[PDB]
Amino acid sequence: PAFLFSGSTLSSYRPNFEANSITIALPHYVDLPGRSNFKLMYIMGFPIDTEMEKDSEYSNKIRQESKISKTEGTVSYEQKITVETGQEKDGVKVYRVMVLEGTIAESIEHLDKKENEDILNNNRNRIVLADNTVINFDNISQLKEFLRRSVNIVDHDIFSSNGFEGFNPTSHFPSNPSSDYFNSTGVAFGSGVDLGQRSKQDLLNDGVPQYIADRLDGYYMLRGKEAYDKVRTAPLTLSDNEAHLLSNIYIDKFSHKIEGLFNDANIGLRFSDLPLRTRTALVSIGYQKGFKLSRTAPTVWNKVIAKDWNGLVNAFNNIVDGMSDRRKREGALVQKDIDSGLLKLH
């Protein structure tokens, strides 16, 4: 491949090549500690990954291709990845390792480095997952989008869209006196960020920038009629930029609460092992109804902890609550992950 030894490689693996040895300038062979089949050849200081249909020693066997979509898919945000660049022909693959078992965030910055432009531009780019399956990309921009997608715990664009939580940067009152939660509801901003039971210090503690927290002074702790009257007589509108920044903080916060409960349930997999759309669906219903789904949506939670994905879709479709259309849309996200083969039925 062109520019094969150009740029730099990011590695969590440190080989221990003794200096002073006379075997410098010779290729070195290591099997990756936790893996098989995963033999590497170090030429210069660089990891080379070779796959050959015809089995040699000093080479790997053809790795299976992943089912994950290069255009829409994600890898677990809790897994390390190996990113490679190179060429293939006639049952022969020669790949330079650009990132060796790095975190997703590390990979994004590493692949953005100027020194790595040439090589990533002039070769095929792929990811070797921890399960040894491989994802092939059309170009490096696409892989970079895939990684940036993968760091997200939920799809924030889907979440804040009209069919789900929605988005309104103007102070609004999302309730009415006939509701049992009229007096529990406060002034909301952006995607359902309710200040009725929050103070400025609360938002600061949650990581909201001081400039946004300060702007919301006057709207904290207002509930029921007082929240209603405040919106009516003295509304405040945040910029879309500030309102999304605020919304995403709380979307992420409650994503992590639900993740915590999912993982504490000891289901046989972690929240990060769920595909993006399914995570988004669960957080969507949790965000609106209450994150403790074992109480707020028991039929949904029961199916989740049973790994009954068809049953999960059915549970969403059969919630009776006054937000039927949204519940169905949440169920449809899960169904799409089932249809894409991302949720193993069993």
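Sequential numbering from 1, following the sequence displayed.
- Comparing the deposited coordinates for 236 to 244 and 129 to 137, the stretch with the larger average C-alpha B-factor is 129 to 137.
- Higher mean CA temperature factor between 337 to 345 and 3 to 11: 3 to 11, per the PDB entry.
- Within the group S272, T82, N121, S184, the record's highest C-alpha temperature factor is found at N121.
- Of the candidates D214, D252, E88, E101, the PDB record gives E88 the highest C-alpha temperature factor.
- Remark: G224 belongs to the middle third of its chain, ranked by C-alpha B-factor as recorded.
- Annotation for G311: C-alpha temperature factor in the middle third relative to the rest of the modelled chain, per the entry.
- The PDB entry assigns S294 a C-alpha temperature factor belonging to the lowest third of its chain's modelled residues.
- Among the modelled residues of its chain, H156 has a C-alpha B-factor that falls in the middle third according to the deposited record.
- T170: CA B factor lies in the lowest third for its chain, per the PDB record.
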